[PDB]
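This report concerns only the one structure given below.
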Amino acid sequence: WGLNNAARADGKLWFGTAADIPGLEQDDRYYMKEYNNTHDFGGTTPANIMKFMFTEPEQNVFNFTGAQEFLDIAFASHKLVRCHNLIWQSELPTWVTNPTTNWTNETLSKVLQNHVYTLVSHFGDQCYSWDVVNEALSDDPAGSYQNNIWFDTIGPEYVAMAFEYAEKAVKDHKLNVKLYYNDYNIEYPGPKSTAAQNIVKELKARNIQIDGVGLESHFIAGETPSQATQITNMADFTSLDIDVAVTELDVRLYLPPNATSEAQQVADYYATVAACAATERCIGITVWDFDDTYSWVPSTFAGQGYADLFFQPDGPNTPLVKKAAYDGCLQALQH
Amino acid sequence: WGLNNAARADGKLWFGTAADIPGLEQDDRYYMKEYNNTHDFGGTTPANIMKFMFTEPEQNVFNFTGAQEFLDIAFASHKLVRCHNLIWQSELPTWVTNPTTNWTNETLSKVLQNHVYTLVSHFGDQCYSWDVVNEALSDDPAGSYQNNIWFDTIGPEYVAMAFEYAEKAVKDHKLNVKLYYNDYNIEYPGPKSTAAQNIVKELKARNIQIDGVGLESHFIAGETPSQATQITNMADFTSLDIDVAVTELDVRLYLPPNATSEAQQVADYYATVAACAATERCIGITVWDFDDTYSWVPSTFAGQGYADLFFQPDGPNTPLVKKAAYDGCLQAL
Ligand SMILES: *[C@@H]1O[C@H](CO)[C@@H](O)[C@H](O)[C@H]1NC(C)=O
Ligand SMILES: *[C@@H]1O[C@H](CO)[C@@H](O)[C@H](O)[C@H]1NC(C)=O
Ligand SMILES: *[C@@H]1O[C@H](CO)[C@@H](O)[C@H](O)[C@H]1NC(C)=O
Ligand SMILES: *[C@@H]1O[C@H](CO)[C@@H](O)[C@H](O)[C@H]1NC(C)=O
Ligand SMILES: *[C@@H]1O[C@H](CO)[C@@H](O)[C@H](O)[C@H]1NC(C)=O
């Protein structure tokens with residue numbers, strides 16, 4: 001009996017994990033045995049291979065092969081897939097970031113429309129959902145839109161436009177795919193979360209399809225919002241007639257871990273999973289991979305790590321060790 | 001003079017160990033020196049390579065290569081092999097769990113029949129025994145049959161069917177292999193042990209061959225049933241005209257070990273081995289690997305470990321340290 005059995009018993013669609021597949025994880029049989037363990041993982045998100053740079057490496061030149069390999073592996077384990085992501089400021093290919101001729105509103109708009117429409121149409125219902133727009137909101141000032149190539153060239157309309165053309169792809173192909181907005185620092189009440197809610201309100205007002213908000217939940221042990229804080233935040237989103245999902249959960253510590261910070265980690269994993277369990281329209285929890293060996297954390301957040309549910313004391317391709325944080329997740333679904 | 005010497009001097013067929021071979025353990029020269037030490041280990045069980053997903057990776061397409069490497073290694077140190085296992089709910093290949101069509105009673109009954117018969121026929125007497133059905137009983141409610149693809153699609157008859165077709169292979173090829181049912185939480189009196197005894201009774205009543213019951217004996221220090229509790233439980237099984245074996249013994253602790261919990265571990269290894277020693281038809285003791293470095297426990301139970309007879313304080317590829325629990329096993333023999 002694992003996290004996915006427990007989540008589905010609570011009415012959730014999955015307990016899930018991201019995976020950096022295709023990639024070196026596939027050569028780690030201890031990793032792959034647990035990735036394939038449907039008791040723990042009934043959902044998954046590709047950590048990289050479905051992003052803009054890998055799926056449209058040159059303008060109008062689409063590449064689906066690595067993404068299809070990820071989907072094939074996920075299907076073999078009966079995992080529902082959160083496809084991720086279409087429009088994002090980061091990890092963009094050079095033909096977008098350094099064009100020989102400046103983009104205009106017209107020409108970048110068509111780039112955006114083509115990428116969104118092609119990816120959603122091509123993969124169809126192999127995706128449970130798409131993260132259509134990723135991290136459109138700024139941290140400073142918290143409420144505002146973040147400056148990026150899409151916003152600077154198209155204006156704030158680029159967000160509605162992405163969902164509009166994702167909806168066109170779903171209707172033109174009679175798809176069931178859910179359309180999500182996904183962001184971080186929107187897991188607690190505050191200007192950024194309220195701004196995300198306003199995005200949902202404005203799309204709903206324009207009759208543009210939006211089905212859910214993804215709450216990334218990249219947290220630091222002891223800074224994570226309390227369970228009660230996440231419960232009320234989730235309610236604010238779901239009151240707008242949408243689902244939410246915890247989409248990229250990990251709880252990083254300042255290295256090295258100690259007894260106190262490890263206890264904080266268990267508490268913070270518990271609080272996040274418990275808030276989702278308490279929320280009727282939180283459809284699931286996905287961790288941003290489950291094995292410290294392959295976690296993105298040390299590279300993105302200097303001096304931090306130990307953020308996942310398992311680790312390998314002897315490195316890649318050696319046995320996993322289940323952390324107490326795992327039991328925090330399990331207890332949150334049982335309680 | 002080691003555990004297998006002592007067990008064989010007491011009339012047992014072996015003291016044994018599981019090993020996850022082929023695999024990482026083969027690259028640890030200190031692990032393999034002790035694995036190959038027939039003074040300690042005269043029996044062995046493959047932890048994974050003989051399971052369904054490795055031996056029939058696609059339908060009717062068998063792969064015996066990994067299993068034969070294990071058997072060859074076992075043969076090199078004169079080990080009797082408990083082949084493990086034929087029919088089990090877990091770790092089935094995606095052609096069984098995610099099929100195009102949906103299985104029916106008939107099409108699954110033939111998958112089961114085919115898997116059991118060709119595996120038993122192919123390996124013949126390279127196997128001392130087969131765990132023909134593994135863990136067919138539920139924990140909740142304890143007495144009941146476990147729900148799985150076999151039980152759901154075929155019904156409870158799938159257990160008798162698996163032994164029937166294993167018996168067909170031993171009859172056709174005149175084999176000596178023993179047919180075992182293997183389960184956990186049947187090492188003490190209770191609804192689940194009674195349910196396992198009822199399986200034996202049912203098979204015997206229908207003239208279907210069943211030679212033994214495997215008592216997995218995955219225990220927690222301090223929760224292990226007393227030696228006397230195991231002695232009665234074993235007697236309930238052997239009274240049905242079968243053997244028993246302690247098949248997957250380990251005694252895990254909440255980390256870190258302390259003086260009390262380690263003394264409990266020694267006492268619990270002693271109790272289990274002594275109960276087998278006291279039981280005429282308990283044919284041997286197998287531990288579920290012998291080196292903490294490679295034990296299944298830490299991947300499965302958070303904050304638990306230290307379950308095995310040896311460990312490596314300095315990690316893989318460094319010398320083993322023999323734990324007090326080893327002397328408990330030896331004293332019981
Ligand atoms: C996990 O599943 C994938 C997809 O079928 C497979 O390629 C891989 O070998 C599996 N790894 C295991 C079971 O360790
Ligand atoms: C498409 O991607 C695959 C793997 O992701 C790569 O091997 C191949 O070269 C790519 N083809 C292109 C970009 O035309
Ligand atoms: C554990 O780490 C935290 C974060 O660096 C620190 O505040 C705390 O003092 C540490 N506890 C110890 C070293 O006992
Ligand atoms: C253990 O025995 C096997 C089988 O003959 C052999 O491959 C391996 O090298 C041995 N290792 C030792 C004795 O350390
Ligand atoms: C030893 O560990 C056990 C199991 O966690 C615990 O109950 C007991 O208090 C410990 N005894 C010590 C530390 O002396």
Side-chain angles (χ1 to χ4, degrees), chain A residues 17 19-42 44 46 66 68-79 81 219-224 251-268 290-291 301-307 310 316-320 324, chain B residues 20 22-24 47-49 51-58 63 66 90-99 219-224 251-268 299 301-307:
Chain A
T17 184
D20 197 13
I21 288 172
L24 292 168
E25 276 168 343
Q26 295 173 277
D27 305 324
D28 186 330
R29 62 186 301 87
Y30 295 94
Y31 181 93
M32 290 305 300
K33 269 143 215 300
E34 171 59 11
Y35 180 74
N36 287 355
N37 175 15
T38 64
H39 293 284
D40 278 342
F41 300 121
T44 185
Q68 194 54 243
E69 180 179 0
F70 178 92
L71 291 166
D72 288 349
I73 291 159
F75 188 90
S77 239
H78 322 77
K79 288 162 162 57
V81 179
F219 295 140
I220 299 162
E223 315 208 343
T224 304
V251 184
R252 62 189 186 265
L253 297 65
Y254 299 101
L255 299 179
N258 62 55
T260 303
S261 54
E262 289 189 37
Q264 292 183 294
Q265 175 180 65
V266 175
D268 282 353
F290 64 88
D291 179 9
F301 308 102
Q304 299 157 69
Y306 200 72
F310 298 81
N317 266 277
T318 67
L320 268 39
Chain B
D20 190 20
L24 190 64
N48 286 301
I49 196 70
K51 283 155 179 188
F52 201 115
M53 68 173 263
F54 295 102
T55 53
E56 202 172 354
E58 311 258 39
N63 187 348
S90 298
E91 292 166 45
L92 295 164
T94 63
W95 70 264
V96 162
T97 59
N98 199 335
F219 296 141
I220 297 157
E223 299 193 24
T224 305
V251 183
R252 65 193 187 262
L253 290 61
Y254 304 95
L255 300 179
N258 64 52
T260 306
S261 55
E262 184 155 31
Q264 292 180 298
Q265 178 180 63
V266 176
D268 284 351
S299 67
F301 311 97
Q304 302 180 29
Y306 202 77

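What you see below is based on every heavy atom in this structure, not just the backbone, and it leaves out hydrogens, waters and symmetry mates. Naming: A, B, ... by sequence-line order, numbering from 1 per chain. Order of listing sets the numbers, starting from 1, for every ligand and every atom in it.
- When only interatomic distances are considered, the shortest N/O to N/O separation between B:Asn258 and ligand 5 falls below 3.5 Å.
- In A:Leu24, the CG atom is not crowded: 12 or fewer heavy atoms of neighbouring residues, nucleotides or ligands sit closer than 6.0 Å.
- Close placement of the A:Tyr31 and A:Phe290 rings is indicated, their centers lying within 6.0 Å of each other.
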Does ligand 1 have any N/O atom under 3.5 Å from a protein N/O, and what are those pairs and their distances?
{"unit_1": "ligand 1", "atom_1": "2 (O)", "unit_2": "A:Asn36", "atom_2": "OD1", "d": "3.1"}
{"unit_1": "ligand 1", "atom_1": "2 (O)", "unit_2": "A:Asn36", "atom_2": "ND2", "d": "2.3"}
{"unit_1": "ligand 1", "atom_1": "11 (N)", "unit_2": "A:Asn36", "atom_2": "ND2", "d": "3.0"}

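- A:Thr44 and A:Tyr35 share a side-chain donor-acceptor pair at under 3.5 Å.
- Judged by distance alone, the side chains of A:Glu223 and A:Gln264 never bring a donor and an acceptor atom under 3.5 Å apart.
- Taking the centre and axis of the six-membered ring of B:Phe219, the NZ or CZ atom of B:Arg252 falls outside the cone set by 45° and 6.0 Å.
- Aromatic pair B:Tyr254/B:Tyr306: ring centres not closer than 6.0 Å.
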